[PDB]
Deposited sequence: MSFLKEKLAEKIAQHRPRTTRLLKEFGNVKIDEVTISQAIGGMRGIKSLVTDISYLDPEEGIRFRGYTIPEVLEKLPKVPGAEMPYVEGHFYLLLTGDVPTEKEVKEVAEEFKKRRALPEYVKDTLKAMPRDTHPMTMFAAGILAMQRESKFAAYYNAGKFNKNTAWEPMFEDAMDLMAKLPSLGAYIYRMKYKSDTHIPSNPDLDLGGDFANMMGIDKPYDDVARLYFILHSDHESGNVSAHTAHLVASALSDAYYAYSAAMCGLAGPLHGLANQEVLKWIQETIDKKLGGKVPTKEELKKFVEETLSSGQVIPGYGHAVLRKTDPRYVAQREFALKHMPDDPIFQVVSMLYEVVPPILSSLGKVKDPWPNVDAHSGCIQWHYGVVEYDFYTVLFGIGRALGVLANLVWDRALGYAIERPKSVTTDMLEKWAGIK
């Protein structure tokens, strides 16, 4: 039954595997590091270990072994809706199993019990000037809830033990995951919807209650459920997941670690392409066509936004599931198409006369037409949506990093004199 008991069974079956490759295969070589890689942000160096998800350059992301069609197919659906319980995806990332209906319900019930926001989080967000960026408010909100950390309290009481430490990390992860959508919504209401608030509906699932607190009708409940699942994890080497992993490595709790992660996610080179693409599509539609649309669509120097990726070498399956959503739900939205027609024309053109390493769209090419369609026009808030989604993966990963006793992350620096001497 219990998620926690189940997670403990998988931890007991996983630890020996880690012990064995440390005992017996510690020195097997896995990759090299070149100068180019040291200077250019450890690009492509195989230096991190996670089992939550794995980023294949050719296949894109798999979550616990499964592809996106598979996860979306298999996970149990919210009654009255198209999309899975986001809570069942959390169950998957934590355990490796597809939960049954009985199992998802338990996680939905436990989220219903933990989802309420502390008042002082709202106080803290009111004392922060209202013109503060929404990601700053989001990061701050998570950070203030550090006061509640069971992991920090268990550590402070002297009770730390490398076999048990995953347990209060789990408890924090459940508390935080349950609350993040309500935090995001509070920020949305308070910045953009006249500071009027819609109370939590204690009968809704995570994604449904999110749509509810946001003030947005059906089928935005499904848009969110899908959005969050697709952004749940992109292995551990992306900036935000890696930041949480890194901070967590020092035994900082999930509140510290996830707040830090949102600081990295806020970066223009990680959290902004959804909005940067949407803006570029609307500015193209308005100035470089009439309203219009049709055929005949770089070389003067500018990139196509939302095409390319540091690790993806083919089409993002996160992108493809958003395409399937828009086809079903908003065929004739003008900004979808343009999106659709960019899917057609851009990849030949980027390849046919090449130089980019991944022609092919990433999800950020597709996410903003869908949000914009349903009246989420507040560009800056898109990255908060990403932060809520990504915690599903990141906090799973932190429970696991503690479960397996992963060591403090601490590579070695060299100087440019040293690199110059190498030559």
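Unmodelled regions of the deposited chain sequence (numbering from residue 1, in sequence order): 1, 299 to 307, 434 to 436.
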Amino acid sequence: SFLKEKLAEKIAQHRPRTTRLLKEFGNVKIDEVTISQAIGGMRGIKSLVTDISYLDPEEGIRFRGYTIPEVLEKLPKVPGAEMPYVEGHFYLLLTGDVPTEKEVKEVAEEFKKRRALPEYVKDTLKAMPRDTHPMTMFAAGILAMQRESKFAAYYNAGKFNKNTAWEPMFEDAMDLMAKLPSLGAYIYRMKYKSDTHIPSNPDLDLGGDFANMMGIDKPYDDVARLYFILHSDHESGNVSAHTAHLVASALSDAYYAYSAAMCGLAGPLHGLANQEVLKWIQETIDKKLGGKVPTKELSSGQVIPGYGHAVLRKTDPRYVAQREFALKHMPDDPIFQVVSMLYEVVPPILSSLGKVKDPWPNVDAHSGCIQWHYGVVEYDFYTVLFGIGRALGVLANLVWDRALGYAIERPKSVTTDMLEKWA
From here on, numbers count along this sequence of modelled residues.
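When the C-alpha B-factors of 157 to 165 and 213 to 221 are averaged, 157 to 165 comes out higher. Averaged over Cα atoms, the B-factor as recorded in the entry is higher for 108 to 116 than for the other of 259 to 267 and 108 to 116. Reading the B-factor column for the CA atoms of 191, 179, 150, 328 in the entry, the top value corresponds to 328. In the deposited coordinates, the residue among 289, 92, 230, 246 with the greatest CA B-factor is 289. Ranked by C-alpha B-factor against the other modelled residues of its chain, residue 356 falls in the highest third.
Sort the chain's modelled residues by C-alpha temperature factor and residue 403 lands in the middle third, per the entry. When the modelled residues of the chain are ordered by their C-alpha B factor, residue 300 lands in the highest third. Among all modelled residues in this chain, the alpha-carbon of residue 72 has a temperature factor (C-alpha) in the middle third. In the PDB entry, residue 340 places in the highest third of its chain by CA B-factor.
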